[PDB]
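As structure tokens, one chain now follows by itself in the form solved without the RNA.
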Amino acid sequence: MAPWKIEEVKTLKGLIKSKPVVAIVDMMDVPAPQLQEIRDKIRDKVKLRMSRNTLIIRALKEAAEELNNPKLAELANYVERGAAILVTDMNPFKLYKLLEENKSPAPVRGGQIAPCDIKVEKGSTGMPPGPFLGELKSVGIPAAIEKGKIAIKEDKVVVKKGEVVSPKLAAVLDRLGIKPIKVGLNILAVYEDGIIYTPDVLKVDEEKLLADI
């Protein structure tokens, strides 16, 4: 590795060694607005560093050796997608709740596979008469003019889980301000005290024994 990589790994290791709780999170797929929403909520509670996955793996492995704390190196096995290093003083369970419980709503993207059933709600859109009425009907959303505005006729699933969201449907849903996807920093694994916590363990256990130290 060139010196710049060594120096960047040095900064990553410094971060890893600075706090008792070290997590690997995934920051893939987060639009600007939602990202600032996440920023506002975790701002003072954690520290985050983005870097290439190959550098993150090396930093974890070397930091583990340098601290005589081998278990730390296991985090490397959980690095994937938009991996980032997060460090904090808050316990792994409080961290999981912080990141996983308070996610930011986001619009679904055209051509994306729906992660869940996506629905619309009956009622006025507050928008004037125009071509949008036709757009709605064209994507399977019954609608009509009522009280001088465009209104959706009834609640309805417009696309099912596992089905692709057509670009026109995505455009129409976004125009309605519908944000059916939840986005944010996803925890891949967390280390604390020679213990590696997986998401399944964090979600099921829910809280740390004896709370805090």
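Residues carry their position along the shown sequence, with the first being 1. Under this definition, the rigid core comprises the largest set of C-alpha atoms superposing within 1.5 Å between the forms.
This next part talks about the form deposited with the RNA bound, which is not shown.
Residue contact with the RNA in the deposited bound form: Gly82 places a heavy atom within 4.5 Å of it. Mapping the unseen interface onto this chain, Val172 falls outside it, with no heavy atom inside 4.5 Å of the RNA in the deposited bound form. The RNA is not shown here, and in the deposited bound form it never comes within 4.5 Å of any heavy atom of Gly148. For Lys153, no non-hydrogen atom is located within 4.5 Å of the RNA in the deposited bound form, even though that partner is not displayed. Taking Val157, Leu67, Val164, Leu35 one by one, only a single residue has any non-hydrogen atom within 4.5 Å of the RNA in the deposited bound form, and it is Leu35.
For the residues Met27, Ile181, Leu176, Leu188, the 4.5 Å heavy atom test against the RNA in the deposited bound form is passed only by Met27. Contact check at 4.5 Å (heavy atoms) against the RNA in the deposited bound form: none of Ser104, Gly126 and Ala143 pass. Annotation: the position in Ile42, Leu55, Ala64, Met27 displaced by at least 2 Å at CA between this form and the one not shown, with the core superposed, corresponds to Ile42. A movement of the C-alpha atom of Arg81 falling short of 2 angstroms is seen between this form and the one not shown when the two forms are aligned on their rigid core.
Core-aligned CA deviation for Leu188 between this form and the one not shown: less than 2 Å.
Once both forms are fitted on their rigid core, the CA atom of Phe93 lies less than 2 Å apart between this form and the one not shown.
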